[PDB]
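> Need coordinates for the following:
(2 chains)
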Number of protein chains: 2
Amino acid sequence: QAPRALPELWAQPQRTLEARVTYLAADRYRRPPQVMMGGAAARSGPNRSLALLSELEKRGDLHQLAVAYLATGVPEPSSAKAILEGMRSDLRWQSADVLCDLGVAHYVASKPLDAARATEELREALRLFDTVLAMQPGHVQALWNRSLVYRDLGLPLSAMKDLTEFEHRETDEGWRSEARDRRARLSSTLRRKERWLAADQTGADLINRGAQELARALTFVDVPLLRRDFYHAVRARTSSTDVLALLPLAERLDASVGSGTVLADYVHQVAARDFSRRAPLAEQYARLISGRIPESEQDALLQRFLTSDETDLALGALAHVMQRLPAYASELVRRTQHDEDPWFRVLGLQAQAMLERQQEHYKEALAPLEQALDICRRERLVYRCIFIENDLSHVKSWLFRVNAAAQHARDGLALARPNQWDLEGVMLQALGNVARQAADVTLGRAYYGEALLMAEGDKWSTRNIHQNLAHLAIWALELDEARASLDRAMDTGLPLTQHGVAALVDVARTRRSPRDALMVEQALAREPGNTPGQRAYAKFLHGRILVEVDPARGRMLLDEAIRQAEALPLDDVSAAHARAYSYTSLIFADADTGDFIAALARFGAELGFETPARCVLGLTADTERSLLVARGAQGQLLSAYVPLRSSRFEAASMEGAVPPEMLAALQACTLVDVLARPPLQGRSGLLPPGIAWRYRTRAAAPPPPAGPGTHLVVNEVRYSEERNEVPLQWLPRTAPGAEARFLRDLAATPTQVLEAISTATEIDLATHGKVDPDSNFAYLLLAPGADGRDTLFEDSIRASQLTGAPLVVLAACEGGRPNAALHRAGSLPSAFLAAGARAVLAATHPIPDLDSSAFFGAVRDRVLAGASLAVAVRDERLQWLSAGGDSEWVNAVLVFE
Amino acid sequence: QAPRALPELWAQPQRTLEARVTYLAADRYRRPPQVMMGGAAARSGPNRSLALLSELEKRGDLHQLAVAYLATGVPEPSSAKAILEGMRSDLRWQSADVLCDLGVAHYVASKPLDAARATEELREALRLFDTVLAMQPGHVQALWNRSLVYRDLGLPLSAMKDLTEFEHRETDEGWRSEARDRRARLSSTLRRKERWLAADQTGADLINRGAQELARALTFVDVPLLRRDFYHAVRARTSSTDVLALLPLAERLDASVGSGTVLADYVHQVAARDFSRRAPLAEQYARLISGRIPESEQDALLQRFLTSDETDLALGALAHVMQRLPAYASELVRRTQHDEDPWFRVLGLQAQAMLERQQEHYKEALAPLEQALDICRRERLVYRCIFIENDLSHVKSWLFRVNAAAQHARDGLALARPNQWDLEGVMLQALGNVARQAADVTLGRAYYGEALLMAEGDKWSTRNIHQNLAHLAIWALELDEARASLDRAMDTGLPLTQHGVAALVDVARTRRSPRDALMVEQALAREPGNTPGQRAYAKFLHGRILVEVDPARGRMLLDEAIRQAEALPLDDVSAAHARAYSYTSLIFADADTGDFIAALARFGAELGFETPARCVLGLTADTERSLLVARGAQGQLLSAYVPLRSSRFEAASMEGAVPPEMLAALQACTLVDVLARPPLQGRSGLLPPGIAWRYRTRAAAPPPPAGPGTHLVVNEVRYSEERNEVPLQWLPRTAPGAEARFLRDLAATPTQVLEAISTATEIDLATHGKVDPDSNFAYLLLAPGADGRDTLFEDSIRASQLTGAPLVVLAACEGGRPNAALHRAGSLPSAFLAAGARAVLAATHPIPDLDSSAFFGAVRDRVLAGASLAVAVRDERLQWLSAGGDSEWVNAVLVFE
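Numbering: from 1, shown residues only, chains lettered A, B, ... in the order given. Shown next is the protein structure:
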């Protein structure tokens, strides 16, 4: 039967859902649903008759079935999601319509949710609508629904933009009228922008005209920037009478903040000082604040300020000049350590934090920020507080504490939203940066587009936003969009920073522009790098851009960058990044030239040992280039270079990465050493189960211990009430004449396990190894202790030293690659191997009905016989699969050595 | 065809939902579902085939159809809810199984929604499971599901109790094993109790022994009570060296709170005083804290502390003693008004709020509480801030701001959960109190039962919890449970309080016990009352308990309570309660003995006028009794006394309350004056549309004005953007030679309307009258003013004085009728009548598309003709019903006079 429309479902005169579905019968102008706060109305007509839906499904009208699950009766987005995911792989429906309906289902599911959980559904819906409008720019339903999604995310300007484009593209008069009404309602946002602009102009006029602008100024007391403008206005007066004329404003905006007074006292203090010395300095300070003073004269003017008795003018000059010349931040820090005004104490703590960050000491930059935030919350002065929250979010994001960074960004945005416009745009930029750190392209792009709409006219925020958008495009491999956004960033008349330089050197390889090299030269000249690690990173950036045009000079620059990075401690983040990225660039430059022996040489050299002559596999991927080079048993060399990729390695299973010829060559090897450079380390499914292999990461394992050891089993752990994990059981296979030190139930605390692992020569951690959602640090889940903690983070394991060189077995492990990170491989197996373990093999799947004990006991017996670990695990894998055992779990058991 | 199960639906080896459904084929042990956070896995093989569901519906297997909607595939709780609500009225299915399945559907529907909306669904599921276990105590599925519901509400101990009973009652081995595993996982919340007990003992040891326990006490820095215990320990040291020895703990637990040091400084101060005089006082303070000092001895030591040079000791002693002697709270507030330590500032604000509360100034007690909440949140001290949240919740609940009170209780519970045990039990008691105030029996009982399980051994919290449970049982008309819980409260050995005495006088009327009278006498001797209103209330309670046994003395006591209450301002809450409740008790004591003339005499005398001698109806209902007494046209007296009720007057439409005999007697009256005592005032549907009736609340209407009036109309109001209300249009019928003052669009500002109504002799308010969800005050929704306020609350209207004595017409009036408020009627018509309006007729239903204008204009014309308001409205109602007009809305027009 033909799939005709069923009038009973779509007979009502009022729509049931705000979103637009793509079905023709359900997409015709019906007046919008009544907006309620507390409960919906009788959304149903014929609600959903099981006979009705059964007729629809039997006839084959799957699209109308999903649209009926969404747009009539009480919405059931999960059933519609199931049906639309089913239809996704069908050719009877337009893919744009199916993806739009799936996005509508995701959006509908988001409304009942709470913000933390509704954000995920909004992200999914936004991704679907972005796909729809990418493969059909004039999709009216996608524009409507994306405007709704943007409005729900808190981005009114993007919603208004979508509604404007919709009015451009729509033809129905009723839909266009409703879109006009919605855009007019959303345009109440611009009132805040106009009020902020009025407050800005009032503050500037107050600065330039003393108390003549007072009568207007008292009306903007609630706007945070007026305190800063009042400071600048007081510091700029050339007479005592004018300073006294600002006392009413000081008292008014001081009593609004709190009961105590710290500003009228300041006006009295400034008035008492003899103005015969102050007036020629006050005028110069006003000129400096207004920016008329040339850059060369600023140093001399600042010195003249510093060599007087007026500390407030020096404070103002230091605040205004510290950005260009961070050497003046130290003086600002020193001059306001014990300031009576909390505003300047917060400013000095912010300067301390910035000075700490400039040395890559982000970990030590948190305490001044926390103290300044406390002084904030106590004193109730919003302007400095938004900046403190922004700096805290940046610091935590750089430390990969994306949850806390996002929380700080949200707090700053909530602080800035009612009255501050530029500062809430800055907080949206902070949210976009946090999203970029977590590799969230859709949400990061949404936040950065909203901040770009808010920052129109500004030539600095525009450049920063476009640089970050280029980075987001690079991550998603839209290199054309990365090129376009970098061009937009450079078209503001400002030079790129090291962020833009990184994006450009990543993009200039395939889409070079005539001005790229000169811009990189200028930007690296202006930002050479404070620390030796930053200097090595800048050297790497220059080498990376030059390696595609002048291979000799680029190779020399990358080699000297590696040399510089090799002389610094491994805790140096910039040095490690410079070294790893220089090695990757050298490897891919050798691969491009056709020299694949050099690539394997670099593979070996990076880890500190010459690569094996046979039975070795090395793989890498940087942005859009993937290299797999290997040597067979006979020593023949085969390579698989993909110069122009299309999608980054994903799915946590790299099936099909190795070409069949390389597979055939490798199948003739006793065991294969895989030298997987990050982020391709720890992945499973790289080789078929018939091949014995191992992840090699060290030149040689620590020597085996002397004397019988003490086998350790951490099983049947009693987890806390919130963990909601099932305890696992283990039957050890202790070596002949050994001991079985059991840590079971409440005894398996982090402290007891930490002290136990330092002595055991055989460790079988039958616990769950997880990665912290916030800190992105892998930890072992154990029983709660005296402190209440129930975790053993990998940092403690790395610090701890295992004397017995144990062969650690990790069941139910979430380690290796899985989390999206190229900076550093934070994994439990790597931590255990570094701590002193001779070999680690970890299963990366939930345990298969307590049979992990038998599998790993058989492996332990096999290695006790004399077989190597790789061949032993291969034999156990083959016997497991041939005996009807589960395949997904056994194929996920990885061997590290 | 017989309803046979479908094997395909239940053939999966893994269960889909944690809950247990009652269908036999779907209730057999399948291993529990995998716990996924973020996305549901493949819950079924193909997903529910709609053809098989339609087959099930055709064959009549409705139970399996609902169970399939819930327990296989993607859950659709709405369809299952519809099917089970259909099956409720069918005798083919067991009622217990149907209600258990409906509760499971509500529980499943609660998983998507956020906490605020998931709480409603969990309440519905909990109510259904409570019903099932009330009519079938051994229902294993209900026990399992109620354990799940308790776990989801954050009540682990109740969940463990339910699982224990389940394991006592279940026979299947797999289900018993899974219940054992779930209870073992839940029993981890007792580790928190053990750690809190350890922290309490460590703090007591630190107080009693000094720094000898510092090594142990350093591990409990995160537990909130340690700061209070540290203060006590520092104050309890008799030597300077011992005081100095506590500095490590001070610095450690002070750095955790924040950067600033306020406890190291305290240690330094206590380390410099002359200990030759401090030592005896330090010892005395230690004894006072330990409680060894008798009550008759505490006053002398407190005076000694107050007269000494030591102020911290005085603060500690005053805080210890102020509970039993509230007269010392003023001294504490005075001595800590400007304290440097935020802890003692919050303590002083709390004591000030308590002093305000003790005089029934609950509104005036919010400012110190809000200030203390601000301080506790800013300075990050948790112990004091939990108490501040508890006091705020109590104060807001007393003012019937149940939403804010619930929010404060939730915040305090979240603060007190991880480490504090007794304080989190107190917060659970606060949540139960907020639920009790909102007439929420199920959630109140859940919270109070959890708080009772947590407070085992305590004899104070146990008594308070049992008194509140008695009140909750009284509200739900389970007088058996109220009696049992009052007996349980008295069995602890402590005397009842005025709360328990109120519950007892409500219970002892029908289930008197030998010790009730003596218990009431003792409790009212311990708490006679501070304010005169509280003394009047205590007199009322004594009279109400003594009126059933000794009618003469009880009647005298009730009359004296009314006399005392009538000498106090009408704003006195306790005096108003005493007067109203004493009048209700007198009415029902006269109706108890058959004297129904005295009942109507009291009906008249309560409002200040002699009751009408004919065509009058009066109705009341207190707990389980309901009296309807009326007089016919001939003056004959009829009565409908229900000595034992089973359900309170609900559904907001009192149909069937008037027996047919009394209805027939009243049908022969020109108009019926209804004297409905609260909470029965303002209810619609009391009498059929054929009877002309009105609500008489005054002795006589205000006199009419002289000269033509200014007919004021407020129509087509331009509400703000976020109100989302449809403006209403009005066509007035201004009296001959009467002005038509219009207030339209933005001219209908609350100030403008308040000014206008004070002179108009005819008012037609064509706006929306709603009750605030937060404060429960009825207000008029008007256009936004200069200040942004778009509300005219009933307090402003009552305060105003209407000089023209208008006939106010109030279309779209909501609230007052459905609310469960017996304390006082907060309603717009009452406010307008008290302001001076001669008559108010308000529609209590949404207006039917500007036909209300025609209705009320015809009513105004009819009353202008000469007929009274009641008969005119009756005639126009009859014409409206005979012309095909809507009956539901026309029946909702009530006439107040």
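> out of everything not next to it in sequence, what's closest to residue A:11?
Spatial nearest neighbour of residue A:11, chain neighbours left out: residue A:45 (5.8 Å); criterion: C-beta to C-beta, 6 or more residues apart in numbering or on different chains. To be clear about C-beta, it is placed using only N, CA and C from the backbone, and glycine gets the same treatment.
> What distance do you get for the closest residue to chain B within the stretch 401-550 of chain A to residue A:763?
Among residues of the stretch 401-550 of chain A, the one nearest chain B by C-beta to the nearest C-beta turns out to be residue A:418. It sits 12.9 Å away. Here the distance between residue A:418 and residue A:763 works out to 56 Å (C-beta to C-beta, to the nearest Å).
> Tell me which of these two has more neighbours.
Applying other C-beta atoms under 10 Å in any protein chain shown to residue A:418 and residue A:763 shows that residue A:763 carries more neighbours, namely 26 against 13.
> secondary structure element for the residue nearest to residue A:11?
In this structure, residue A:45 sits in neither a helix nor a strand according to DSSP states H and E.
> what's the first-to-last distance across stretch A:860-873?
When the termini of stretch A:860-873 are compared using C-alpha to C-alpha, to the nearest Å, they are 9 Å apart.
> From chain B, how far off is residue A:394?
21 Å (C-beta to the nearest C-beta, to the nearest Å).
> meant to ask about residue A:740
With the distance defined as C-beta to the nearest C-beta, residue A:740 ends up 25 Å from chain B.
> Verify the stated contact: residue A:752 with residue A:743.
Yes - under the criterion of C-beta atoms under 8 Å, residue A:752 is in contact with residue A:743, at a separation of 5.9 Å.
> neighbour count winner among the two?
Neighbours were tallied for residue A:752 and for residue A:743 using other C-beta under 10 Å; the higher tally belongs to residue A:743 (24 against 16).
> How is the nearest residue to that one once chain neighbours are set aside assigned, secondary-structure-wise?
Using C-beta to C-beta, 6+ apart and skipping residues adjacent in sequence, the residue nearest residue A:743 is residue A:714, 4.7 Å away. Using DSSP: H, G, I helix; E, B strand; the rest coil, the structure places residue A:714 in strand.
> For residue A:714, list the residues it contacts.
By C-beta atoms under 8 Å, 6 or more residues apart in numbering or on different chains, residue A:714 lies in contact with A:743-744, A:748, A:753, A:756, A:763-767, A:782.
> can you tell me how far it sits from residue A:795?
Separation of residue A:714 from residue A:795 (C-beta to C-beta) stands at 19 Å.
> Can you report how many residues neighbour residue A:297?
Other residues lying near residue A:297 total 13 when counted by other C-beta under 10 Å.
> typo on my end, it should be residue A:207
Close neighbours of residue A:207, defined as other C-beta under 10 Å, add up to 22.
> can you check residue A:122 too?
Here the number of neighbours of residue A:122 (other C-beta under 10 Å) works out to 26.
> which bits of the stretch 51-200 of chain A sit near chain B?
For the stretch 51-200 of chain A, the residues in contact with chain B under the definition C-beta under 8 Å from any C-beta of the partner chain are A:51, A:53-54, A:57-58, A:73-74, A:76, A:78-79, A:81-82, A:109, A:112-114, A:117, A:120, A:185, A:188.
> Name the nearest residue to the residue of the stretch 351-500 of chain A found nearest chain B, ignoring sequence neighbours.
Closest to chain B within the stretch 351-500 of chain A is residue A:371: 4.5 Å, counting by C-beta to the nearest C-beta. The shortest distance from residue A:371 to any residue other than its chain neighbours is 4.5 Å, reached at residue B:259 (C-beta to C-beta, 6+ apart).
> Can you tell me how far that neighbour is from residue A:368?
For residue B:259, the distance to residue A:368 - C-beta to C-beta - is 10 Å.
> Over to residue A:463?
Going from residue A:463 to residue A:368 by C-beta to C-beta gives 28 Å.
> rewinding a little: A helix includes the residue of the stretch 401-550 of chain A closest to chain B, no?
No - going by three-state DSSP, the assignment for residue A:418 is coil, not a helix.
> show me what contacts it?
For residue A:418, the residues meeting the contact criterion (C-beta under 8 Å, 6+ apart) are residue A:192.
> ok, now residue A:317?
If a contact means C-beta under 8 Å, 6+ apart, then residue A:317 has A:285, A:288, A:301-302, A:305-306 as its contacts.
> from those, which ones fall inside helices?
Those of those mapping onto helices are A:285, A:288, A:301-302, A:305-306, per DSSP state H.
> In ChimeraX, how would I select the buried members of the residues you listed?
A single ChimeraX command is used to select the members of those judged buried by 16 or more other C-beta atoms under 10 Å in any protein chain shown:
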select /A:285,288,301,302,305
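> ok, the ones in helices among the contacts of residue A:317 vs chain B, which is closest?
Proximity of those to chain B was ranked by C-beta to the nearest C-beta; the top entry is residue A:306 with 28.6 Å.
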